[PDB]
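# Working through the structure, step by step
Single-letter residue listing:
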Amino acid sequence: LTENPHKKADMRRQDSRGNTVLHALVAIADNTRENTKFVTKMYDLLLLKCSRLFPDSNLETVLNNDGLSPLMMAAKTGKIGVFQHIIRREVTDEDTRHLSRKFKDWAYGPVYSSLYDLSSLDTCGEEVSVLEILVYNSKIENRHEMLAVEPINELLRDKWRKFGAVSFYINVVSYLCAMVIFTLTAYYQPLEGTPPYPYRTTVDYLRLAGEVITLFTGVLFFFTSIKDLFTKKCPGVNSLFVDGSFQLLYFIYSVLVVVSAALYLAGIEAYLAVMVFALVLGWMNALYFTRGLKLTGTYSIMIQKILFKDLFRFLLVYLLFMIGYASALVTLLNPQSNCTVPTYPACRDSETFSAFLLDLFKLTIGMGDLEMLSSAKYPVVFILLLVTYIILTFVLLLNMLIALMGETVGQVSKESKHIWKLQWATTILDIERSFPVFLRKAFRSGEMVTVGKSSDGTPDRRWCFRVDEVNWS
Amino acid sequence: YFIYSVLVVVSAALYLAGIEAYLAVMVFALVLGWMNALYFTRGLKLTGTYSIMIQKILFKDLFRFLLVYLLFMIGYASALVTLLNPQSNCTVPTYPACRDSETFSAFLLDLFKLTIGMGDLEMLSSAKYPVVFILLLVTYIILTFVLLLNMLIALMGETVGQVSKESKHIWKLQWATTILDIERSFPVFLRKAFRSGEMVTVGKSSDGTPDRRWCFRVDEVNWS
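- Going by the header, the method for this PDB entry is cryo-EM, and the resolution given is 3.59 Å.

- Looking up chain B in the PDB entry gives the name Transient receptor potential cation channel subfamily V member 4, with the organism given as Mus musculus.
- In the PDB, the entry goes by the title "Cryo-EM structure of apo state mTRPV4".

- The name given to chain A in the PDB entry is Transient receptor potential cation channel subfamily V member 4, and the organism recorded there is Mus musculus.
- Per UniProt, the comment on chain A under Sequence similarities is "Belongs to the transient receptor (TC 1.A.4) family. TrpV subfamily. TRPV4 sub-subfamily."

What follows is the structure, given as structure tokens:
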């Protein structure tokens, strides 16, 4: 069909969706052996033939309707085999060599400085990159394995060692200082609100400085949040972190600080109670930090699961069980003042509000001891029921929780450090996205023209990343 | 060992002086002394792995973990004392709030710290501002208990799956260090060395020591 003497079938032609031969050839691929083998082979065949027929342009650049590319499409759909091959492709014959990725720079015996061309793994935000799609997008299926292909891992390492790690510590220490100052300014708040204008003495000036710096940090965080919200890469592929993860925490924090500032100007009693509330949420944010280096505590994953996972419904059913027992036993025990804060301890069905006696019995059982021995007072059915309650509660809770411990410890495997690596990559990339990347802080460049010229991404300079290796072959 | 000796010597000096409140390092010396006993028991009989833990926990993730825990709890203490801040009451600390009595932050801070550490005794009272305080404190206690237990037990699992043959490798390294510093302590070249062997010709060579070539014979059995 490529060289039929009759009407030709130009490879560059694309369907209604825009998926040309390579987009579709990636759409059918999988992560198996035979499928990846033949898809990679035929991808190479098609690309080389199309380049030979039209050396003017590279076939792989023809975007679909969504604007992606075969490499980007394999990244977004989660195709490890095609992605690995297309990111480690080198072609020998010169007429079709310009469409390679893993150039060779120099060798000095057993040392090879392999120059991977990341012309399209990072665009400084100009056009969507394979790293952003790969890591920010949480709907990928093979996110880790693809994030460790070869140029990606070393690229993240290099970013870490260059405005990736220093800036992270700077930001974490700055946020910790902001939280400390928030704590101090709330604690040293003028007694019972009463927001005066007394800033004349040294300690008062210090308090004013703390308040103003706290407000400045809050407004800066809100500015960051709104900038992130407005900045959308593509409909469907975007952070969309509202009501998810932890961006909502920063948003809520800023909202609370602003509301508190308003009511502080008003100076109203029982309304600064959100100030302190802000603070608690503030320090919960510190828990979502410590996701960088040094094998950080895995709290995140647990709090990321326990928030909306089996433990939630488990504690819900536990509350239902205990409250059902509370109703059962208060009904059983329901049948002069006694000088007690709750109305009566039963006393021939005194009753009042269910919550009162319910909480009485709830705290009694939670504390556990103090017994109820008395004398006679109806048969042993009550003590029998309560002893089954305590025995089943203690035994089942301990056994199930400890078996869950075993399950999670056998489940917190290399998958856990995969989460750590993903968090580290997200930290690096949102650090870069925060400040202008295209400044003179990017990834290394390479050859200018001819041997290292091609129309794959960026001018003939072909911004390339060199990774060293040693092979005894 | 250096610190132990320094403390003993300083204490001997002040004992000659005989000054009050200065022999407190004597007892201090003793505590450190017995901590040295922990670094012993690194020889035979599958000694307790205390060392590795104390060798890690001293300057590893647990240190910063407890540091951030202290920061979290103290932040909560400041939050809740600020919330609760608003006749003598005969109490060792000045007042339990009592309309913003205040004095020194450490006083009320330690009051609330020990109250939370002990945990019980509640604070029920009546009315006294809305449920936001009790809500916050119940979140504190729930997250504290649940997260600490779950993370500590998961760390237990991680270390037990990590205390592998690598652990007995540490044991063997400690055993080797014990043997070698024992030898280095006293003159080794005395008649306590490792066996000798052939003298000349077949067992002569200029690799180390005279043609005697101090050699170590290891027996083996091979059915070949």
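### Some words on the overall build of chain A
- Within chain A, the secondary structure is distributed over 16 helices and three strands.
- Taken over C-alpha atoms, the radius of gyration comes to 32 Å for chain A, far larger than the 23 Å a tight globule of 473 residues would show.
- In terms of principal-axis extent, the alpha carbons of chain A reach across some 110 × 70 × 50 Å.
- Out of the 473 residues belonging to chain A, those deemed buried represent 36%.
- Accessible area of chain A: about 27900 Å², with a carbon and sulfur share of 66%.
- If the 48 positive side-chain charges of chain A are averaged to one point and the 45 negative ones to another, these points end up 4 Å apart.

### So, a nonpolar patch on the surface
- On the surface, a nonpolar cluster with roughly 940 Å² of combined accessible area is contributed by A:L401, A:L404, B:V131, B:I134, B:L135, B:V138, B:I141, B:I142, B:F145, B:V146 and B:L149.
- Going through the elements one at a time, α15 (381–411) of chain A together with α6 (132–162) of chain B are the ones with two or more residues in the nonpolar patch.
- Looking at the nonpolar patch, the element that brings in the most residues is α6(B), giving eight residues.
- Judged by its relative accessible area of 30%, B:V146 falls in the partly exposed class.

### Quick word on unusual backbone geometry
- In this model, A:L370 sits at a positive phi of 80°, which is unusual for a non-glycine residue.
- Of note, A:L370 is situated in the loop between α14 (354–367) and α15.
- A:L370 sits in the exposed class, given a relative accessible area of 70%.
- Of note in this structure, B:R99 is not a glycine but carries a positive phi near 55°.
- Assignment of secondary structure puts B:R99 in the loop between α4 (61–84) and α5 (105–118).

### Section: the sheet that holds strand β3 (residues 464–470) of chain A
All names here are of chain A.
- The three strands are arranged β1-β2-β3 in an open sheet whose pairing can be described as antiparallel. Of all strands in the sheet, those with a lone pairing partner are β1 (102–107) and β3, marking the two edges. Here the strands of the sheet are splayed against their neighbours by 30° on average, with no regard to which way each runs.
- Bridge count for strand β2 (residues 111–117) against β3 is seven bridges, and the pairing is antiparallel. Bridging from a neighbouring strand, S113 pairs with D468 of β3.

### Brief notes about the packing of helix α13 (residues 310–333) of chain A against α14(A)
Residues and elements named next belong to chain A.
- Two numbers describe how α13 lies on α14: the axes approach to 10 Å, and their chain directions differ by 110°. In this view, α13 runs roughly perpendicular relative to α14, as classed from their interaxial angle. Pair α13 / α14 crosses with right-handed handedness. Together, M322, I323, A326, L329 and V330 of α13 and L357, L358, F361, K362 and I365 of α14 make up the contact between the two elements.
- Of the residues assigned to the contact of α13 with α14, the class counts are nine nonpolar, no polar and one charged.

### With respect to the UniProt feature "intramembrane region" in chain B
- Within the UniProt annotation, "intramembrane region" is assigned to residues 104–123 of chain B.
- In residues 104–123 of chain B, the share of helix is 70% and the share of strand is 0%. The end C-alpha atoms are 23 Å apart.

### Overview of the environment of A:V259
- Position of A:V259 among the secondary structure elements: in helix α10 (residues 247–266).
- Along the sequence, A:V259 and A:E141 sit 118 residues apart, while their C-alpha atoms lie 41 Å from each other.

### Some thoughts on the pairing of β1(A)
Residue and element names in this part refer to chain A.
- The pairing of β1 with β2 spans four bridges and is antiparallel. Across the sheet, the residue bridging to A107 is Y112, located in β2.
- The turn joining β1 and β2, which pair antiparallel and follow one another in sequence, is formed by three residues; a positive phi near 110° is taken by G109.

### Considerations on the interface of chain A and chain B
- Across the boundary between the two partners, chain A contributes 21 residues, which contact 29 residues of chain B.
- Across the interface of chain A and chain B, roughly 2400 Å² is buried in total on both sides, 76% from carbon and sulfur atoms.
- For chain A, the biggest contributors to the area lost against chain B are A:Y187, A:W283 and A:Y299; these three give 27% of the whole.
- On the surface where chain A and chain B come into contact, there are zero salt bridges.
- Here chain A and chain B share three residue pairs in polar contact between them.
- Those elements that provide at least two residues to the side of chain A that touches chain B are α8 (166–187), α11 (273–288), α12 (299–306) and α15 of chain A.
- Top element by residues in the side of chain A that touches chain B is α11(A). It accounts for seven residues.
- Partitioning the side of chain A that touches chain B into residue classes produces 17 nonpolar, two polar and two charged.

The rules behind each value
Residues numbered from 1 in each chain as written, not as in the entry; some residues may be left out. Chains lettered and ligands numbered in written order. Part of a larger assembly, values for the part shown. Heavy atoms only, no water. UniProt positions renumbered as here; feature names shortened; annotations may be inferred. Helix = DSSP H or I, 4+ residues; strand = E, 2+ residues; numbered from the N terminus. Rg over C-alpha atoms; globule rule 2.2 N^0.38 Å. Buried < 20%, exposed > 50% of the residue type's maximum accessible area, 1.4 Å probe, protein only. Areas by Shrake-Rupley, 256 points an atom, 1.4 Å probe, with all protein chains shown as cover. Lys, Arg positive; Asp, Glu negative; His and termini not counted. Charge placed at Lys NZ, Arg CZ, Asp CG, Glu CD. Patch = residues over 30% accessible without salt bridge, like charges linked within 9 Å, V, L, I, M, F, W, Y side chains within 5 Å. Salt bridge = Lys/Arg side-chain N within 4 Å of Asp/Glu carboxyl O. Pairing = 2+ DSSP bridges. Axes fitted to C-alpha atoms, helices over the stretch in contact; angles between N-to-C directions. Parallel < 35°, antiparallel > 145°, perpendicular 65-115°, else oblique. Left-handed = near helix turned anticlockwise from the far one by under 90°. Contact = heavy atoms within 4.5 Å. Nonpolar A, V, L, I, M, F, W, Y, C, P; charged D, E, K, R; others polar. Buried area = accessible area lost by both parts, 1.4 Å probe. Polar contact = N/O pair within 3.5 Å; in protein donor to acceptor, adjacent residues only side chain to side chain.

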